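Notes follow the structure.
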Amino acid sequence: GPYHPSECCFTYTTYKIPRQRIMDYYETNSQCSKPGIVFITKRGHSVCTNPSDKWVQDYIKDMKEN
Amino acid sequence: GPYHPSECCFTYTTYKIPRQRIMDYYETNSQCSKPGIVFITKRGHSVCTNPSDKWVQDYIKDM
């Protein structure tokens, strides 16, 4: 329904996430105070990253299909 | 971990949630841009509410 909360990022990791841990990603709601790409990991955890970091962009490109 | 996202509220409910639906609640991270109380319903819906609403505080009190 339309009143659910949205996940927002407040602190980003500075460290590239080992690609073997990565299950998926999503972009955080633009209403959040900061931009965010959240990576979902094998153990079901969520890790905030900065979309403007080159490695985050590189990861997303290798994860996406055309 | 230290880099987990937090749930934040942007669109508050437009109705008083029937009490019977509610299983639990949590207050959102105070770092969110708006104050929020999220009620968790039986059916796994999370519903954002304004902690300044009397009915919300009344619910929390009773729970």
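Note: hydrogens, waters and symmetry copies are ignored here, and every other heavy atom, side chains too, is used. So that the names make sense, note that chain A is the first sequence line, chain B the second, and so on, each numbered from 1.
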With only heavy atoms counted, which part of [X] is less than 4.5 Å from chain A, the side chain, the backbone, both or neither?
X       : answer
B:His4  : both
B:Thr28 : neither
B:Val47 : both

Under 2.5 Å between the SG atoms of B:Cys8 and B:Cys32? yes
Classify the ring geometry between B:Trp55 and B:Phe39 as parallel (under 30°), tilted (30 to 60°) or perpendicular (over 60°). parallel
Residue selection (most heavy-atom pairs with chain B, distance under 4.5 Å) from A:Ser46, A:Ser6, A:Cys9: A:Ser6
At a 4.5 Å cut-off on heavy atoms, which part of A:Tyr12 comes close to chain B: side chain, backbone, both, or neither? backbone
Donor-acceptor pair, distance only, cut-off 3.5 Å: does the side chain of B:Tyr59 make one with the backbone of B:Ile17? yes
May I ask you to decide if B:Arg21's main-chain N or O and B:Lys42's side chain share a donor-acceptor pair within less than 3.5 Å? no
With no hydrogens and no angle check, do the side chains of B:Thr49 and A:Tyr3 hold a donor and an acceptor under 3.5 Å apart? no
